[PDB]
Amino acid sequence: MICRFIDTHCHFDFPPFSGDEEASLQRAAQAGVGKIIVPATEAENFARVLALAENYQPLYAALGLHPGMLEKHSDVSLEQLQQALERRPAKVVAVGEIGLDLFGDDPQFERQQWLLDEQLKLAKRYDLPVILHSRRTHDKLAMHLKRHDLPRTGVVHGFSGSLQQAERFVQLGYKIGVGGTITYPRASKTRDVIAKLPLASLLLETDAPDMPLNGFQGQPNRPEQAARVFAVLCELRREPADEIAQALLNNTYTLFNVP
């Protein structure tokens, strides 16, 4: 098939893609990346992410407030998210890019958690899965997911961590986003985790332009690199490549309803 991969997490509204959407989508397509899910980071970017999803067939969107942009989120940002969701753009498939991140001298962790729960409530209200960011916060994030029990669950994107942390998310019904992290065998033991998880729990992604793959550092990551992440995933798994490719597509469809 021409569309063999779905990058479930690409910040396509940021540079180098902004203003170069046509060429970027063709580079993605020729690599077999046929659809891309674009999660927002803050209310000020909702319009441009919605415009991408409405104007380009391959792009789908998620709206939400990223923990990395905590300083920009106000009660007005949350009201904007709710009103946007109420109008249901349609190619909007998740409440996303929400989560926790303990990086920094003062991550304002309590406020991050309150903000995450406000958005988890919206995902429940509008019956949508969530696209989650978690950096050094897997245990805490799992504690909140277990408590709030979202019927549509979601994906913990760009996962890097222990087998127990991954399995706990999978046991709560969440998927695991597989990106550039698996191309660095000496950076963590995430490759061993991904090699062991059930195939139905995996989604493919890049988190482009961030998370450059091994051997491509120093320049922006791009969605076509999902094809390369896939090649590495095949080296880790026992299943044949065609079975893995089909599973990632089916998993993505089951979670988001993106063909």
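A residue's number is simply how far along the shown sequence it sits, counting from 1.
When the mean C-alpha temperature factors of 207-215 and 39-47 are read from the deposited coordinates, 207-215 comes out higher.
For the segment pair 8-16 and 239-247, the entry gives 239-247 the higher mean B-factor, averaged over Cα atoms. When the C-alpha B factors of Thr137, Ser74, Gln82, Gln112 are read from the deposited coordinates, the top value falls at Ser74.
Residue-level inspection of the entry shows that, of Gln108, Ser188, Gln119, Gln164, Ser188 has the top Cα B-factor. Annotation for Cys234: CA B-factor lies in the highest third of the chain's modelled residues. Per the deposited record, the Cα B-factor of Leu199 falls in the highest third when ranked against the other modelled residues of its chain. Ranked within its chain, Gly34 lands in the middle third, by CA B factor from the PDB record. Annotation for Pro223: CA B-factor lies in the middle third of the chain's modelled residues. For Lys91, the recorded CA temperature factor ranks within the highest third of the chain's modelled residues.
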